[PDB]
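Worksheet for the structure shown next.
There are 2 protein chains.
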Amino acid sequence: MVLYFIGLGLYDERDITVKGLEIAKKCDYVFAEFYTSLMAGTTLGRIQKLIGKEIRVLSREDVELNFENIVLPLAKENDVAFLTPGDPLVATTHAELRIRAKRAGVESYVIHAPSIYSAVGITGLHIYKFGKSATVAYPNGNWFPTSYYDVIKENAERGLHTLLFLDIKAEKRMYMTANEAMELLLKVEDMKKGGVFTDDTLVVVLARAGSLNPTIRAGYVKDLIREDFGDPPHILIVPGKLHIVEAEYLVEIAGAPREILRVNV
Amino acid sequence: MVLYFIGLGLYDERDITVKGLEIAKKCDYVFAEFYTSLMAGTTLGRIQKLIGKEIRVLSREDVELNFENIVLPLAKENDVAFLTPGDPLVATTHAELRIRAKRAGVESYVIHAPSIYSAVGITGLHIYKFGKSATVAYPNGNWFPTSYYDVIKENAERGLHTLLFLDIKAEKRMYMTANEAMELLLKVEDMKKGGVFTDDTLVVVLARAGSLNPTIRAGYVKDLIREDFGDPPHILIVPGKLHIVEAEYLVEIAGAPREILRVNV
Ligand SMILES: Nc1ncnc2c1ncn2[C@@H]1O[C@H](CSCC[C@H](N)C(=O)O)[C@@H](O)[C@H]1O
């Protein structure tokens, strides 16, 4: 009669909360989805071993089309867990699943875990200064999406930072790198000429957040566009005007050039 | 020797990540602060029992003025942990403490935990649609803060949601309720008259996120301003223009008036 939405956190199998782990262990059935994002620092086997339960992985279609036929039936007469990378319900499509549960007469509870949305605090950038978020999508065929560029423009002109989630080919475990994202933005700039993203733009790259050794780097595009930030996942941030305290953290912790203390504050 | 900043999460001691618990358990000295937020579902005793170590609680003054004299000295020859509610670097000024650590020759690491900043996803509002955030601060004497009102205006103008962290006075055990926040906003509205926050404004209240049964309510200020949302902590959200699915969740899950289902595109 109960469905638990449990977040797995940022990077590896230990990023789940003690609460989520203990509840997961007592559930009769455990499902999981790895299409909204991936857990790059672990494997399904390591997660299974930690929880001590078989993990039934579900595809985007299984969830979007058949959640009520695959998960809810069992949740009706058993305690069921639905694991998701990060924090449950951050992914836009997750919330609606709680309505399906209600419609099926199934109780649902949410067990939170760290999300990249809040983990970016490790960049030294003030969380309240982040504006609207966006996703940099790979251009495909005759389709070249560019809305993420406008998001940066609108946030930056208000002195706000822009968090850019990078595209992922979940089914192929292929992550877009911050380098590729920078190349794409420079390409959109050349097409829109809004003076939003150029070689002189200050950016921040956060790689493998959650890991004990994430890569945190800040600098101008011209210098970071070909830098190696390590293994995925990568997150790209285009900060707005900085508070001196943010700038000093970027210089001391993220290796930003001293120049940002006078150009971007 | 090392210094770990470890988040304890949203509500109780089990909101810490498995990673954070594993590391905290093996540290030589454990410090913590409980003035940046309120964990309504636990006690110092239960947290101490979980990590198996005595926890030295520090006041805001101990931290801001003497972190380098109380904590860092030990981190030079021992493994030290510094615990905080939620995520240690979200809506706090703790990031600056990493700079103090560096200058003291002490390496520091960050272990994330569930944060209210991302937990708001449980309200059904799309996380990417949240704009700049703000804090509703208790007026002090003749000084009446109002910057948060302008933030709401700026976000709403762009169709974005506004997350409003509510004030806290730990040493005085004062935790601002959503009701008090609403009263303050109505007063600012009478003073500025921007039509930003009135009795007809739709708002969302999230109380005690992290617990299994948090209070999630949506409705007009006129109706919720005197409603009992339970014990603190509380957070208030002023949604921008709603997507149809957001409206559906607010009605089905947060008990919002069915009339909001009719979005004015
Ligand atoms: N469990 C919870 N439920 C509702 N609001 C919460 C909350 N935890 C924190 N807040 C809100 O945030 C304020 C503290 S701001 C510090 C937040 C913390 N670093 C984090 O990551 O969550 C509180 O006064 C309250 O308004």
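Residue numbers (the authors' numbering), protein chains in the order written: chain B, 1 to 265; chain A, 1 to 265.
The beta-carbon is built from N, C-alpha and C at its ideal position, and this holds for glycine as well.
Query raised in the report: Can you round the beta-carbon distance between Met182 (chain B) and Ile237 (chain B) to whole angstroms, since I take them to be within the 8 Å contact cut?
Result: At roughly 12 Å, the Cβ-Cβ gap does not stay under 8 Å, so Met182 (chain B) and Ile237 (chain B) are not in contact.
Query - Host beta strand (DSSP E) of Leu236 (chain B) (start-end) - result: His234 to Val238
Query - Closer than 7 Å at the beta carbon, the chain B residues around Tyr117 (chain A) - result: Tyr117, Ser118 and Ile127
Query raised in the report: Could one say the Cβ of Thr17 (chain A) lies closer than 8 Å to chain B's Cβ atoms, at least one of them?
Result: yes
Requested in this report: Starting from the beta carbon of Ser133 (chain A), find every residue of chain B whose beta carbon is closer than 7 Å, and list them in chain order.
Outcome: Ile127 and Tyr128
Query raised in the report: Going by DSSP, which residues form a beta bridge with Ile6 (chain A)?
Result: A:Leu83 and A:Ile111
**Report entry** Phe144 (chain B) versus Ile6 (chain A) - alpha carbon distance
**Finding:** 41 Å
**Report entry** Counted within 10 angstroms of its Cβ, other Cβ atoms place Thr201 (chain B) as buried (16 or more) or exposed
**Finding:** buried
Query raised in the report: Do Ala137 (chain A) and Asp167 (chain A) have their C-beta atoms within less than 8 Å of each other?
Result: yes
Requested in this report: Output the distance between the C-alpha atoms of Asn155 (chain A) and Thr93 (chain B), rounded to the nearest integer angstrom.
Outcome: 23 Å
Query raised in the report: Is the distance from the Cβ of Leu89 (chain A) to the Cβ of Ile122 (chain B) below 8 Å?
Result: yes
Requested in this report: Anything in the region 98–116 of chain A with a Cβ closer than 7 Å to a Cβ of chain B? List those residues in chain order, please.
Outcome: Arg98, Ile99, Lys102, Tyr109, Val110, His112, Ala113, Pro114 and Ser115
Query raised in the report: Between the Cα of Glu54 (chain A) and the Cα atoms of A:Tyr11, A:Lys193, A:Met1 and A:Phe31, which residue gives the shortest distance?
Result: A:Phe31
Query raised in the report: Beta-carbon separation of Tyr4 (chain A) and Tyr109 (chain A) under 8 Å?
Result: yes
Query raised in the report: With respect to 7 Å, is the separation between the Cβ of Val90 (chain A) and the closest non-hydrogen atom of ligand 1 below this value?
Result: yes
Report task. My understanding is that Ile70 (chain A) touches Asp79 (chain A), with C-beta atoms under 8 Å, so please give their C-beta distance in whole angstroms. Result -> That belief does not hold up - the Cβ atoms of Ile70 (chain A) and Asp79 (chain A) are roughly 16 Å apart, past 8 Å.
Query - Option nearest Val245 (chain B) by Cα separation, candidates B:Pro233, B:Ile260 and B:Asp231 - result: B:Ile260
Query raised in the report: Can the beta-carbon of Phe67 (chain A) be found closer than 8 Å to that of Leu97 (chain A)?
Result: yes
Query raised in the report: Which of helix, strand or coil does DSSP assign to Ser211 (chain A)?
Result: strand
Query raised in the report: Secondary structure at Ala156 (chain A), three-state DSSP: helix, strand or coil?
Result: helix
Query raised in the report: From the beta carbon of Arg56 (chain B), is the nearest beta carbon of chain A less than 8 Å away?
Result: no
**Report entry** According to DSSP, residues forming a beta bridge with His161 (chain A)
**Finding:** A:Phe130
Report task. Flag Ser37 (chain A) as yes when its Cβ comes closer than 7 Å to any non-hydrogen atom of ligand 1, and as no otherwise. Result -> yes
Query raised in the report: Which partner residues of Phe31 (chain B) appear in the DSSP bridge assignment?
Result: B:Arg56 and B:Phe82
Query raised in the report: Which residue's Cα is closest to the Cα of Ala254 (chain B): B:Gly124, B:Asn140 and B:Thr42?
Result: B:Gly124
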